[PDB]
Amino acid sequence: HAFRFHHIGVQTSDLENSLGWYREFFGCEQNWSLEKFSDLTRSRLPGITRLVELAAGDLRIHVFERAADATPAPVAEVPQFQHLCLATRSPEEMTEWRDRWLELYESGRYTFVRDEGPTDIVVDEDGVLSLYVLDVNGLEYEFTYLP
């Protein structure tokens, strides 16, 4: 492969809320954190205060927070990295991901930008199973199962 996917950056308004939820939901473990930045990093992410590299499966997730006064929601209309899709290994795991989401939502340990619950697990013309959930930032994750 000419290149390889390395990490996705997740910008949040509440880093500690996101870190806790990502660890419990995805099983992320922390590889490092950073609070001192290059000029270049600060020019791409003005006001960044803390950055953490998380890891789950093959996925690296850099979660960071920038100094801000307000806490806006995501804007659905604008060009964007709109969703991230993870593949599961069985229809049973799809149900488990859905149940685990509701369990974390009902636990009262996290704040969520949106009130929206998970979709049902749906099947398409080819047997593919789909599930969409939102992280605590209102960002969309898709779970899929490929027969």
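Sequential numbering from 1, following the sequence displayed.
Relative to its counterpart among 64-72 and 78-86, 64-72 has the higher mean temperature factor, C-alpha atoms as listed in the PDB entry.
Among the modelled residues of its chain, residue 41 has a C-alpha B-factor that falls in the lowest third according to the deposited record. Ranked within its chain, residue 53 lands in the lowest third, by CA B factor from the PDB record.
Annotation for residue 101: CA B-factor lies in the lowest third of the chain's modelled residues.
The entry lists a Cα temperature factor for residue 127 that places it in the highest third of the chain's modelled residues. When the CA B factors of the chain's modelled residues are split into thirds, the value for residue 94 lands in the middle one.
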